[PDB]
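Report on the following structure.
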Amino acid sequence: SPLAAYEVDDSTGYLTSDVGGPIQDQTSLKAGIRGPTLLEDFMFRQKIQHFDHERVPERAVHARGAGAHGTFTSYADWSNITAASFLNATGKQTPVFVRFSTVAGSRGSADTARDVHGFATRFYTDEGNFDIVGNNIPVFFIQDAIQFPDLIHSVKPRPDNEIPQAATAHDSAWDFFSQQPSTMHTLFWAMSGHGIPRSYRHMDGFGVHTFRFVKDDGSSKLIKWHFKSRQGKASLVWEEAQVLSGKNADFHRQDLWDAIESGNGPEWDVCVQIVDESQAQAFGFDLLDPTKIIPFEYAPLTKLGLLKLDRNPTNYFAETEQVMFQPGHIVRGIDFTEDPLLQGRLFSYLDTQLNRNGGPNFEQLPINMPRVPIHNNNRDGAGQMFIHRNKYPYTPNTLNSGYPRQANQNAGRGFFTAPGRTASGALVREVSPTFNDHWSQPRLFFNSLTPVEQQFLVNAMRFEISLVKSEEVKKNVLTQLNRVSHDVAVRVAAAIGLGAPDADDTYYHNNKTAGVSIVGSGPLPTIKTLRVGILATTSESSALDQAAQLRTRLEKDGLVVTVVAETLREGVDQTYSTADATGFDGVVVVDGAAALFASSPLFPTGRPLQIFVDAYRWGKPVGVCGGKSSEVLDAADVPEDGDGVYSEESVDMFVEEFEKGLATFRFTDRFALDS
Amino acid sequence: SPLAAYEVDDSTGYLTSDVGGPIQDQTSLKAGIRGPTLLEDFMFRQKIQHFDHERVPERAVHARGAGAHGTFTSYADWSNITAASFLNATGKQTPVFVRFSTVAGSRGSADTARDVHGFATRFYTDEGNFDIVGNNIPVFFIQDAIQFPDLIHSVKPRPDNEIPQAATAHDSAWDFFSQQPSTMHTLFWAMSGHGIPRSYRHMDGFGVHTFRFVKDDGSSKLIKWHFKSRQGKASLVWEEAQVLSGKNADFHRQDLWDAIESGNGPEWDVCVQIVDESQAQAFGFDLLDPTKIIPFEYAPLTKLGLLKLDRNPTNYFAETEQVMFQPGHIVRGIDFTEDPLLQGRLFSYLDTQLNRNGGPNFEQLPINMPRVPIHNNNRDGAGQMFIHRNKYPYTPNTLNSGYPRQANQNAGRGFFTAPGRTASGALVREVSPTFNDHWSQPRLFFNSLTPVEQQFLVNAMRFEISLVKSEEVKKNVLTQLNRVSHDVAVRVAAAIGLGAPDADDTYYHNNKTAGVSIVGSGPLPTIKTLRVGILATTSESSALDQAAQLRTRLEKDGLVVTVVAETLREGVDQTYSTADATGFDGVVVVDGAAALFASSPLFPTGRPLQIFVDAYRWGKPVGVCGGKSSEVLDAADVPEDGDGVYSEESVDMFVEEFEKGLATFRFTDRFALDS
Amino acid sequence: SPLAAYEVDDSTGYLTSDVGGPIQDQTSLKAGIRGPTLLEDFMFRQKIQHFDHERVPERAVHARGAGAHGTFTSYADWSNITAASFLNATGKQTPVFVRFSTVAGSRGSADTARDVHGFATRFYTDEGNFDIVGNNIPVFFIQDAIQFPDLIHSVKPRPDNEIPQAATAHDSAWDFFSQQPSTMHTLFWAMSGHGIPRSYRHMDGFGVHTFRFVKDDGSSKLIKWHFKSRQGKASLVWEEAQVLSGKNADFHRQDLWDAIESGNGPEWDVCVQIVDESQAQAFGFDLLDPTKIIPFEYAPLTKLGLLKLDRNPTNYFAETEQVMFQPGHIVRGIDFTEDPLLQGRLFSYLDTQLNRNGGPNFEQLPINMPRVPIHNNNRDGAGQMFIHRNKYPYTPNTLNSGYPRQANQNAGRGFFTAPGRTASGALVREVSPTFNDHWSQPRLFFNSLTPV
Ligand code: HDD
Ligand code: HDD
Ligand code: HDD
Ligand SMILES: [Ca+2]
Ligand SMILES: [Ca+2]
Ligand SMILES: [Ca+2]
Ligand SMILES: [Ca+2]
Ligand SMILES: [Ca+2]
Ligand SMILES: [Ca+2]
Ligand SMILES: [Ca+2]
Ligand SMILES: [Ca+2]
């Protein structure tokens, strides 16, 4: 592997320059002990020049993100639908690297901003690097790549003052959404819990675009990529996300890192919907339109294989920051479609790496290298790391015996354009009328959420639109929301002091589709990695014993347990001063600590009770363990009878009930609904 | 072999992308067979992007140059004068890479321009990379590095029209020389034969600056580096150089390349003058002044070891163009001096690689890498190839056990500044009075040339200054030349229509120094590689037999033989159409070809005779072999009794005489002297 | 006009830093009179850092070249064949800049090498900058832009030793010519006196490709650009060229400079051959094929106007070295053709300026700027010299009242693709059979030369 050859050990030995000369780096060379620094101090200048030049441009979008290495394993020989080599045998393994991300924020912005999320997968296949550059949402805002800068300028900070960071909650974004109705479907997804996932492991990945599977005999089928999480789908609530943005901007990357380090590396089933070329327009929309899904009911999922992430980077900068994905990284057996969004992307990703890398040899960075030999006539450029032996790098040649040889459909396992593809008609800059329904599928999505889920979506819209200064933009937003759902428009209007326009029912329907609801997707299939805070005290020896007994029982089942108290000591992981409800998926108070829940110089006034109250209000399983229970639950105004509220003297019975609650994950009856 | 780990072999296999996907690259993807090209053609765009971005900025100076690999071997254990590791044992070998160059010309300019020449040597030592960045002339134009852009702006093309290329023969250059008198010494050298060397192998290399040798016990000595050619010193004549600039702009790099490929790799004795610190101002000038030599009689040469170049690059761009030398690449046992020219260079060479490489990780380029381990806390930057395992890259640390360790005089074989060095006095931007004599050493140099040599220098000055348009600049030039030598000023003045100023004898003397004359450095010590053109004909079968016999006899002695005739056939290397006297060090006509020496569609009128005439006038050994000479010698106006003119019937007698002629190399009796 | 505001006069006054602080630049600041140089000497470091960074990558091809400013004057109102604004009135003047060049040589190589020569003309029109990026030979070596690196690797120096400079006289080049027969036509031209012109003023300029002239009513015609020298055609002989390469590597740029300085600025008649769309395949070859000329006898020249060069640059680097031509610099009234060579060029010229300039704001260099207002939502990038007032740079917007407005065939004098153009068939990487005769036209060329 190209990474291993470039690993550098500094666990021993003496400091050297970059050219291997032993040096010091702690005191500048000076003319006298209190004297000026000398220009001839090369030790100073090489060190500071390196430092001065450490930074590279952040990615234009998806700047904030994190990555890990792993493995993809095929479940079968897929030759009957694709020639792709990495899919050609039961059990065949290909290394992968994945980077997850937000979209709009800059590099040090918060993981738990409300946004679309990137899910970018590189397969280092035995017939070339193959990238699926996907999002956690199956549809995209716009229908033509040429609009991308318009979308991204609108959602990024206002360019006079660069406010606000990593948020769509400002005039420009809603101006764009309200003026470009294609945006409705992705907007609805981003305003649902899909915009604030619990973790990278608790979201799915989507190619978005229709692609082609191409067999060795030239025939082709249309496909959508779906990466289905084996950890289950789950979301934060918005108020939790906001606090978490400030308490732990690194929440998602820490979650991923820790799961990998604990042997709980996240998994996905890599799947496709496969349909015939003749069905491009058979489902009531156009498969070239990236604002549309194929409903579950129209085309089932085929599981191709297993994706597992199981090793973290050695150097974040060298691996994660420098990984340079491209949908242009395609392999034989896969082909593009005439999706005008996809089409333009192919240009973008090749070009943008020149900005990032500062030179054209970015594919020679170890993370970007393939795992097979490279034979081509590309030469020179800044940062050229190869020394090519072929001194006749042109085709056609006799002086290098005609090497390298041309690869195509017939020979050398060449990539080839699906031979059945055609183009026909005028050279136009016009939108296909097949793309014009911007509202039906947003409504399909909305109809498929549970009542509380729909309320959450409405409440996200209420929150964002209320922050828009322009009355005209707000009106314009309501006009578009109304075309999806009158009810949505009425409810959102109520919060911003406007009347919703009259119902316009052109695109209203009551159809639903399976698999887009988080709330409705059943209990989590595993509770491994979920975080349990146990609130205790050092004042009572019994409180620490109760915490220790709980620790053992919960850790047995793969939960990450944090015992909290006033101060650190053996058995105590965190102080109240540093703890927060955003840090846990469930919160347990031991009844020996009841005195704290009713001042100290060691933590802010009310902190112990605030953690419990916040956990309860954010829908989490909460409880008191010990059998003197009512004191804590009364002080918190948490009802004993409540769903997801636990009161037991028995440690074993407490844990058994609580774990079912962690699986349920969120208790939604605790959220108010509109009339 | 030395950079073998970085080699890419394309002598087999199918064409791939840079990420290992088999592709074609001969036809664009199009919408129908007479259709427009598609943006989705990633094959096209990766190939053309690579091409569009092949070029990097040329070096700011010494842009035109060429390089080879080799070996340095120490003759002794030099620990008694220096702690330098590469010099610490009899027989110790260190790999080298050397680049030779001109100064002023851009990267496709002619090798045989009149200029200073670079000689840059990297030793990849076992205690880090050590560069001696030298010239073929031991002194430099200016006394402070801050003047370098002034010098280089003046000699490079006028910046309105960028004329003239690779030449000091224009107003701006002589304006500078005449207004900055420090320039006189280097100017005299560049106007001698040292400005137009016969080859890179036939010139010396000089560190120019005084440096220090530092022992392990802290004591130091002052040193000058001299690289003495084992091939002998030799020059072109100016008229020859001009024609050669047009006929073969690649003359010097082809000469080096061929010598290496034929097993005749050029050698130098790497030597120093060593003097005590107390001698800094003992020799009538300042050892910190880079416009002065230490005369050979004042300090002898000590031979340290042998430099041999014996392997050519695999890829010019990757190795030669990308090699990034720095005087800042120093090792333990060497130190700097307070030479204001040297001092500023240290800044420049670190900085300028940012321009060339486009990013700060230029020492990771294969040619720039060291051959020992690197341990340091430099991180990130564009083009970062390493994956560092130490995740605590700061000092001081406990979390990486205090590694890497600090290296200094007492531990880790650290570089250290010579401990005896001091500074004292005001912080000044003033020139030391010790630097003020700009004229005595130019006069020393001139006094040390043979009469014909002095004439050549006068004739170079006459040529250049006659091309200067401004009468004021010409007057000013004569004023400065006059301070070196009245005679020189009178002789130059005669050519440009002005009166020389009255003698000013402040700096006039008759001292001489050994070893700076080319003319006077005796016969070449070897004639291997020297070029012998044999002029023949296809019209007479005996002329080709005479040529073949000569070939065998001459090749036996390691000479490169070119048989020339009207057309190519077995035994004939070149046609008259492509041949020129600049192509040979000696010219032989076989007497069977005598008929050619008095029109043809196969070569320009008079070409055979022109080759002979030109060779004779440029001072080369010339001859007729067969015993019938007078017809060829009469047509050429060459006297049979002339020095370096040979006429013999016997092949063996002809070759024996001719080879002595090749060693003499130039017959200077054929050049007229001023009264 | 954009050049004016950036002219810098140093014929008086005291030396300053780049931030206007009066300084010296002749002696380093040192710790004692015989002492080491100090790091705190900012005068030294700003000066040397500037110098250390003066150089930029040479152009990947046509590295060796020289340029001058001038004027184009239309002879007529051409609206009856093209909507192009710079051609819409008798007497209308448009400023130009032209750069002439060789192809294969690096910077510093000799003007009088044997090669194809570039003739690149920028018209700074009142509807945007329009570049005709042409050569002195009307046909090109290859039939598909994807081959360009193959061609250029073969004719440039062998990459082990970088020999030989600025010459096709080596194995690799003739290997390519002999293996790629399309090369025959251009090869014949380059081996004639067209390979060694007497001067830039004594050669013609050719767009090479078939382009389209598009009227305001959407109809189109096929055209070839020809720039006809008013100085006459003339060549060196090869032996002369070789000697001249050594005696004066700057021969062509000095000739141009001197002619302009003496009031003898060179002139060309800017002309086209114009044929109907239906004639794309009428002349026994394909007008999409850039290895073919339209013989003089098949389609006459129409003279559009006069090109005159009459002013030399003030700063060679700022003007000549930095001028960044693109066939993508097109204006309303002109369109592309499905010439696979042209098609790929459009990509190349936009991309390559990132290499040269080191950042994306290369059109802000004064030589590259237009002479009309710029209204668009392009933002930021290294070296951004504008300060944009529009704080809502996206479309569609209400917050900047929908500005800037879309320009198209019916609004804002927008560029538009010729409405008649169409595509049909499979997506193929195949060469049209209509491109297959590589030899007839080379023979036509050779038959048309005098015996000598
Ligand atoms: C036309 C431009 C454009 C369009 C229409 C899109 N993108 Fe994109 N995307 C970029 C232009 C781009 C980019 C500027 O080229 C980035 C920035 C850094 C890079 O490598 O490419 C990028 C980055 C980027 C990343 C981050 C990869 C990483 O972790 O390094 C993801 C996951 C996506 N995009 C996904 C998408 C999806 C799922 C899209 C629509 C279906 C989409 N992009 C449309
Ligand atoms: C203050 C600036 C300055 C000064 C006073 C000098 N140089 Fe220098 N030199 C440079 C600035 C520079 C540079 C701009 O930094 C270069 C350009 C390319 C490079 O790598 O360094 C360079 C290149 C360069 C090269 C080419 C190395 C190669 O082949 O890559 C040689 C041989 C020299 N120089 C030699 C000298 C000598 C013998 C000098 C005085 C004794 C000298 N230079 C003074
Ligand atoms: C696919 C790439 C490619 C192809 C097929 C061509 N060229 Fe090109 N040309 C370039 C890629 C390019 C380039 C790399 O993009 C350059 C170098 C610097 C620049 O601005 O563009 C260039 C420069 C360049 C210049 C120099 C302009 C200047 O003075 O700055 C001229 C005159 C031409 N070309 C002319 C042509 C003609 C007449 C061609 C065929 C009919 C042609 N090129 C085909
Ligand atoms: Ca805003
Ligand atoms: Ca194909
Ligand atoms: Ca001048
Ligand atoms: Ca001489
Ligand atoms: Ca070759
Ligand atoms: Ca001719
Ligand atoms: Ca750059
Ligand atoms: Ca159009």
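Each chain of the structure tokens is named A, B, ... in the order shown, its residues numbered from 1; ligands are numbered from 1 in display order.
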
Chain C residues near chain A (8 Å cut-off, only C-alpha atoms) as a PyMOL selection string: chain C and resi 31+36-40+147+149-151+153-154+158-160+172+175-176+179-180+355+359+391-399+417+419-428

Selection: 9 Å around stretch 438-442 of chain C, only C-alpha atoms, excl. self and same-chain fewer than 5 positions, as a PyMOL selection string: chain C and resi 181-189+291-293+447

Neighbour list for residue B:597 as number ranges by chain, cut-off 12 Å, only C-alpha atoms, skip fewer than 3 positions in-chain: B: 535-537, 589-594, 605-613, 624, 629-637

Could the residues in this selection be saved with C-alpha atoms as a JSON list (two decimals), in the first residue's frame?
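Okay, selection_26.json is ready:
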```json
[["chain", "number", "residue", "atom", "x", "y", "z"],
["B", 535, "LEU", "CA", 35.86, 15.18, -44.89],
["B", 536, "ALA", "CA", 35.35, 12.57, -47.59],
["B", 537, "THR", "CA", 33.35, 11.83, -50.70],
["B", 589, "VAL", "CA", 40.48, 15.96, -45.47],
["B", 590, "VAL", "CA", 41.23, 12.67, -47.23],
["B", 591, "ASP", "CA", 43.12, 13.48, -50.45],
["B", 592, "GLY", "CA", 40.73, 11.28, -52.53],
["B", 593, "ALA", "CA", 38.14, 14.02, -51.82],
["B", 594, "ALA", "CA", 40.36, 16.86, -53.18],
["B", 605, "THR", "CA", 27.87, 26.02, -52.32],
["B", 606, "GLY", "CA", 31.42, 25.86, -50.87],
["B", 607, "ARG", "CA", 30.41, 23.96, -47.67],
["B", 608, "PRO", "CA", 33.30, 21.36, -47.78],
["B", 609, "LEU", "CA", 35.97, 24.04, -48.04],
["B", 610, "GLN", "CA", 34.15, 26.37, -45.57],
["B", 611, "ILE", "CA", 34.47, 23.66, -42.88],
["B", 612, "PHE", "CA", 38.24, 23.44, -43.46],
["B", 613, "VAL", "CA", 38.77, 27.26, -43.67],
["B", 624, "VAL", "CA", 45.22, 16.45, -45.47],
["B", 629, "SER", "CA", 47.88, 18.16, -50.09],
["B", 630, "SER", "CA", 48.61, 21.26, -52.15],
["B", 631, "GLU", "CA", 45.24, 21.42, -53.96],
["B", 632, "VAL", "CA", 43.23, 21.49, -50.69],
["B", 633, "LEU", "CA", 45.77, 23.71, -48.80],
["B", 634, "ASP", "CA", 45.96, 26.22, -51.76],
["B", 635, "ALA", "CA", 42.15, 26.54, -52.05],
["B", 636, "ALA", "CA", 41.97, 27.12, -48.28],
["B", 637, "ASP", "CA", 44.96, 29.59, -48.22]]
```

Filtered DSSP result for stretch 488-551 of chain B, state strand (DSSP E or B), as a list in words: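 Answer for stretch 488-551 of chain B restricted to strand (DSSP E or B) is residues 531, 532, 533, 534 and 535 of chain B.
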
Saved selection, atoms kept: N, CA and C atoms, as a compact mmCIF listing (two decimals), in the first residue's frame:
```
# COMPACT_ATOMS: atom_id res chain seq x y z
N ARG B 531 36.79 15.68 -30.82
CA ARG B 531 36.01 15.39 -32.02
C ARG B 531 36.88 15.62 -33.26
N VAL B 532 36.97 14.61 -34.14
CA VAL B 532 37.71 14.73 -35.36
C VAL B 532 36.74 14.51 -36.51
N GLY B 533 36.54 15.54 -37.33
CA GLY B 533 35.78 15.42 -38.57
C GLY B 533 36.69 15.06 -39.73
N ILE B 534 36.31 14.01 -40.47
CA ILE B 534 37.00 13.55 -41.62
C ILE B 534 36.12 13.86 -42.83
N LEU B 535 36.59 14.74 -43.70
CA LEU B 535 35.86 15.18 -44.89
C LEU B 535 36.22 14.24 -46.03
```

DSSP-assigned helix (DSSP H, G or I) members of stretch 261-454 of chain A, reported as a PyMOL selection string: chain A and resi 261+277-279+316-321+340-357+362-364+433-435+440-447+451-454

Contacts of residue B:567 within 9 Å, only C-alpha atoms, excl. fewer than 3 positions in-chain, as JSON, numbers by chain: {"B": [537, 538, 564, 572, 574, 575, 576, 577, 602]}

I need the residues from that last selection saved to file as a PDB file, in the first residue's frame (with C-alpha atoms), if you can.
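The result, stored in again38.pdb:
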```
ATOM      1  CA  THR B 537      33.354  11.833 -50.699  1.00  0.00           C
ATOM      2  CA  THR B 538      31.136   9.054 -52.113  1.00  0.00           C
ATOM      3  CA  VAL B 564      31.350  13.476 -43.581  1.00  0.00           C
ATOM      4  CA  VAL B 572      29.511   7.889 -43.213  1.00  0.00           C
ATOM      5  CA  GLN B 574      26.982  13.029 -41.463  1.00  0.00           C
ATOM      6  CA  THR B 575      26.178  14.829 -44.679  1.00  0.00           C
ATOM      7  CA  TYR B 576      27.966  18.048 -45.677  1.00  0.00           C
ATOM      8  CA  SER B 577      24.522  19.721 -45.345  1.00  0.00           C
ATOM      9  CA  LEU B 602      22.874  18.144 -51.492  1.00  0.00           C
TER      10      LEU B 602
END
```

Distance in Å - atom CA of residue B:497 versus atom CA of residue B:164: 23.4 Å

Proximity to ligand 11 - best of C:260, C:411, C:61, C:146, only C-alpha atoms and all ligand atoms: C:411

Top pick for closest residue to residue A:517, considering A:130, A:456, A:123, A:445 and counting only C-alpha atoms: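 That would be A:445, the residue with the smallest distance to residue A:517.
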
Between atom CA of residue B:99 and atom CA of residue B:168, distance in Å (one decimal):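 Separation of atom CA of residue B:99 and atom CA of residue B:168: 22.6 Å.
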
Counting only C-alpha atoms and all ligand atoms, the option among A:163, A:673, A:87, A:120 closest to ligand 4: A:163

Per residue of chain B within 12 Å of ligand 3, note the shortest atom pair and the distance in Å to one decimal, counting only C-alpha atoms and all ligand atoms, and order the rows by chain and increasing residue number, as JSON lines.
```
{"residue": "B:28", "atom": "CA", "partner": "ligand 3", "partner_atom_place_in_ligand_line": "1 (C)", "distance": 10.8}
{"residue": "B:44", "atom": "CA", "partner": "ligand 3", "partner_atom_place_in_ligand_line": "1 (C)", "distance": 9.0}
{"residue": "B:45", "atom": "CA", "partner": "ligand 3", "partner_atom_place_in_ligand_line": "1 (C)", "distance": 9.4}
{"residue": "B:46", "atom": "CA", "partner": "ligand 3", "partner_atom_place_in_ligand_line": "1 (C)", "distance": 11.4}
{"residue": "B:47", "atom": "CA", "partner": "ligand 3", "partner_atom_place_in_ligand_line": "1 (C)", "distance": 9.3}
{"residue": "B:48", "atom": "CA", "partner": "ligand 3", "partner_atom_place_in_ligand_line": "1 (C)", "distance": 6.1}
{"residue": "B:49", "atom": "CA", "partner": "ligand 3", "partner_atom_place_in_ligand_line": "1 (C)", "distance": 9.1}
{"residue": "B:50", "atom": "CA", "partner": "ligand 3", "partner_atom_place_in_ligand_line": "14 (C)", "distance": 10.2}
{"residue": "B:51", "atom": "CA", "partner": "ligand 3", "partner_atom_place_in_ligand_line": "14 (C)", "distance": 7.2}
{"residue": "B:52", "atom": "CA", "partner": "ligand 3", "partner_atom_place_in_ligand_line": "14 (C)", "distance": 4.9}
{"residue": "B:53", "atom": "CA", "partner": "ligand 3", "partner_atom_place_in_ligand_line": "14 (C)", "distance": 8.1}
{"residue": "B:54", "atom": "CA", "partner": "ligand 3", "partner_atom_place_in_ligand_line": "14 (C)", "distance": 9.4}
{"residue": "B:55", "atom": "CA", "partner": "ligand 3", "partner_atom_place_in_ligand_line": "14 (C)", "distance": 10.0}
```

Could you turn the residues from that selection into a file that holds C-alpha atoms, as a PDB file, in the first residue's frame?
```
ATOM      1  CA  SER B  28     -12.233  12.547 -27.965  1.00  0.00           C
ATOM      2  CA  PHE B  44      -9.467  14.008 -22.463  1.00  0.00           C
ATOM      3  CA  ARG B  45      -9.537  16.394 -19.506  1.00  0.00           C
ATOM      4  CA  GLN B  46      -7.006  14.594 -17.195  1.00  0.00           C
ATOM      5  CA  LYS B  47      -4.516  14.284 -20.124  1.00  0.00           C
ATOM      6  CA  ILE B  48      -4.885  17.914 -21.308  1.00  0.00           C
ATOM      7  CA  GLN B  49      -4.917  19.299 -17.726  1.00  0.00           C
ATOM      8  CA  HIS B  50      -1.604  17.490 -17.121  1.00  0.00           C
ATOM      9  CA  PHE B  51      -0.204  18.960 -20.328  1.00  0.00           C
ATOM     10  CA  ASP B  52      -1.537  22.489 -19.709  1.00  0.00           C
ATOM     11  CA  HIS B  53       0.266  22.413 -16.339  1.00  0.00           C
ATOM     12  CA  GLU B  54       3.643  20.751 -17.257  1.00  0.00           C
ATOM     13  CA  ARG B  55       5.672  23.959 -16.975  1.00  0.00           C
TER      14      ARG B  55
END
```

Separation of atom CA of residue A:255 from atom CA of residue A:198, in Å and rounded to one decimal: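 According to the coordinates, atom CA of residue A:255 and atom CA of residue A:198 are separated by 9.4 Å.
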